[PDB]
Amino acid sequence: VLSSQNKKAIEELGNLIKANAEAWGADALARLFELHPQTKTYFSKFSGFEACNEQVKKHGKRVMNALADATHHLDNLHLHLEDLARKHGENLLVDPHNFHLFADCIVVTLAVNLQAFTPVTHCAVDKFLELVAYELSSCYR
Amino acid sequence: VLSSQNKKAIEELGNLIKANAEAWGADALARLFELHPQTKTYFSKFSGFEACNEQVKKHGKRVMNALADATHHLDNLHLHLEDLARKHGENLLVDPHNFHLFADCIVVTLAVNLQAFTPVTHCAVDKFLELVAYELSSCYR
Amino acid sequence: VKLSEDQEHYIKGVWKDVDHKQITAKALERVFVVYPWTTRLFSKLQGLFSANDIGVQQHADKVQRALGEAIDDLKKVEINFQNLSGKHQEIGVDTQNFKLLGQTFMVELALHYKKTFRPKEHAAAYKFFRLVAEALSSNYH
Amino acid sequence: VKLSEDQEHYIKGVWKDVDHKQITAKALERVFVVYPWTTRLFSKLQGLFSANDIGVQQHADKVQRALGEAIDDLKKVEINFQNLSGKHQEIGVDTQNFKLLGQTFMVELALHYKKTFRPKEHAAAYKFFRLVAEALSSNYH
Ligand code: HEM
Ligand code: HEM
Ligand code: HEM
Ligand code: HEM
């Protein structure tokens, strides 16, 4: 579970994510596409896969805004992500394994951009991303 | 989630597991040790790792009995597995990744021993094993 | 992934014993039902996912032929599958799906061989499908 | 796992730039905190997991030397690590832990290089640590 200390760490981070949604989102996606090329298959409409690319920037902002919003619903995460869980598990059909891969890339995006990123903060973020991945995988079968 | 149809499938299976706890448990563990040799490191006291081995049989029965009991607490799985979750995450420190590996081996043990194992039944069992793995990984950090 | 000499002999023997198209069709039905998201690029099936359904039978014929080419020369599988791997990326297949099919194939082998599908045999089959998944994922860029 | 020529050159350059023992010690502290179960075989640390703690500094010296041996000949890493791999199984290390250390190492590289740790660099580092994890897991039987 997320302790009271973890929740405060996550809420503070949500504020920074919201402020830098487009740039951090584009960076995280660019990393996902480079380390795990099979993830590019879900974005066949794209004209490019660099962080510099406009389509990458737009999707990145949406993803980060959704992640920032979730940091304000830590007590009711299941109900809050229900709609996104339905979209991914019933319409998009993104293999659930990709949620964990993306989490590991997001952590690196944070490390590159944050002034400080100590192990304690890293732990709180990883636990949060793990819950989000679990909830987004809840409506596949 | 587990539908009403899934729950009945799981409850019926729990009865068969209970009846064959030692043999099925020994088989599932023997498969885990053979496909994933790193799992043997948690059982350094063992004098052997075959299904034929007495220590393998004893641990197998315990694991299967715990799994059979869980099939009767489908509505309250989190609270029911809380004690085992604590043991694994605080004392044993078994890498959580191993829970999924074991699930895939258990499915094969069932396929070898059950008279019939259609895709629908397989799906219900896999969903159950996925929940159990999630709950057993809840107290690591 | 590397198969030992006895493991290569095990897989060659299995291919001589089982009905190629039929066991592959059964493995496909099982993957579509147990892991629903694998049906993403198969809308042409029109919801007909049974082993005996025409569409599944047609795809099974394609997959079994490729498996035969892998088994005919187990030491040069990656070299021989470079073009097939690139083709899968073009089609848009997620490489994780390859691992899921390996799991359903092992369940079908278990149902066919039953008690003779002991831990050693299971390990040999597991390694073979890992080699295949790896070969199919190698030409993704 | 295979590194391209430019990837080999990237990793060689990084090893010339970073403080070997210190960045490894930081990566160790991060793995012990973010993934607590990795401390299983480290009871001798007495709860002292900081990068500057004597016990962590001593283990970091062992790990960095081995990493150097891998980097000196990236094409024969598996051959060169056979004995070290067998030794890890004897010690009782779970092979999954190797992948977790790779993840914390990449976060430390991100903190060191910041903006210059672009997607291409990140991919090169990811592949290197995958090669290392694979080499360390190869002699497990
Ligand atoms: C932190 C995890 C993730 C979050 C919070 C997230 C969030 C979202 C959101 C907010 C949308 C748009 C929903 C709408 O406007 O209706 C979406 C769409 C989508 N997501 Fe996810 N997603 C996540 C991970 C992934 C991953 C790992 C992939 C694929 C490798 C993925 C692929 C897609 C695709 C293909 C779309 C559709 C985009 C479009 O309509 O153009 N998502 N996701
Ligand atoms: C379906 C998943 C699992 C279930 C239901 C389960 C259940 C149990 C139970 C009931 C015990 C004994 C508890 C007691 O009597 O206090 C236990 C002990 C243990 N489990 Fe798990 N376990 C599972 C998976 C695993 C896996 C995958 C591993 C390791 C690779 C593992 C390693 C251990 C160890 C080392 C012990 C201690 C045995 C002893 O005291 O001699 N377990 N587990
Ligand atoms: C691991 C075993 C697999 C092998 C050996 C294999 C083999 C093949 C072959 C030989 C083709 C024909 C390529 C061509 O048209 O030139 C093909 C097509 C295709 N494969 Fe795979 N495949 C495998 C697994 C999968 C999986 C698990 C999926 C995804 C769920 C998949 C989805 C497809 C699709 C969508 C096509 C195109 C079908 C069509 O055009 O009608 N394959 N595969
Ligand atoms: C991936 C990088 C790694 C490398 C290159 C590496 C290297 C080494 C080396 C060179 C030794 C000394 C072997 C000897 O005494 O002859 C060692 C020991 C050991 N390693 Fe690893 N190792 C790695 C990761 C890990 C991880 C992630 C763990 C587990 C969390 C681990 C746990 C241990 C333990 C418990 C020992 C024995 C320590 C002692 O005797 O004081 N290693 N390792």
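Whatever order the structure lists ligands and atoms in, that order sets their numbers, starting from 1. Computed over heavy atoms, backbone and side chain alike; hydrogens, waters and symmetry mates excluded. Letters go in sequence order (proteins before strands), and every chain restarts at 1.
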Contact partition for A:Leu92 relative to ligand 1, non-hydrogen atoms under 4.0 Å: side chain

Once rounded to the nearest 0.5 Å, what's the spacing between atom CG of C:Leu101 and atom CD of C:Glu108? 10.5 Å

Does ligand 4 have an atom under 4.0 Å from some heavy atom of D:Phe42? yes

What are the atoms of ligand 1, with element, lying closer than 4.0 Å to any heavy atom of A:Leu84? 9 (C), 10 (C)

Of all protein heavy atoms, the one nearest atom 9 (C) of ligand 4 is D:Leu84 CD1, 3.9 Å

Return the closest protein heavy atom for atom 25 (C) of ligand 4 as residue, atom name and distance. D:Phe98 CE2, 3.7 Å

Counting each atom of ligand 1 from 1 as listed, which ones have a heavy atom of A:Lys87 under 4.0 Å away? 13 (C), 14 (C), 16 (O)

Nearest non-hydrogen protein atom, atom 16 (O) of ligand 4: D:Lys87 CE, 4.0 Å

Any heavy atom of D:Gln58 under 4.0 Å from ligand 4? The part involved is neither

min-distance protein heavy atom vs atom 27 (C) of ligand 4 -> D:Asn97 O, 3.6 Å

Under 2.8 Å from atom 21 (Fe) of ligand 4, which protein N/O/S atoms are there? D:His88 NE2

Which bit of A:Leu101 gets closer than 4.0 Å to ligand 1, counting heavy atoms only: side chain, backbone, both or neither? neither

So if I count the atoms of ligand 3 from 1 in the order they appear, which ones are less than 4.0 Å from some heavy atom of C:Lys44? 41 (O)

May I ask which of A:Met64, A:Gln55, A:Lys45, A:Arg62 has a heavy atom nearer to atom 39 (C) of ligand 1 than the others do? A:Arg62

Below 2.8 Å, can you find an N, O or S atom of A:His59 next to atom 21 (Fe) of ligand 1? no

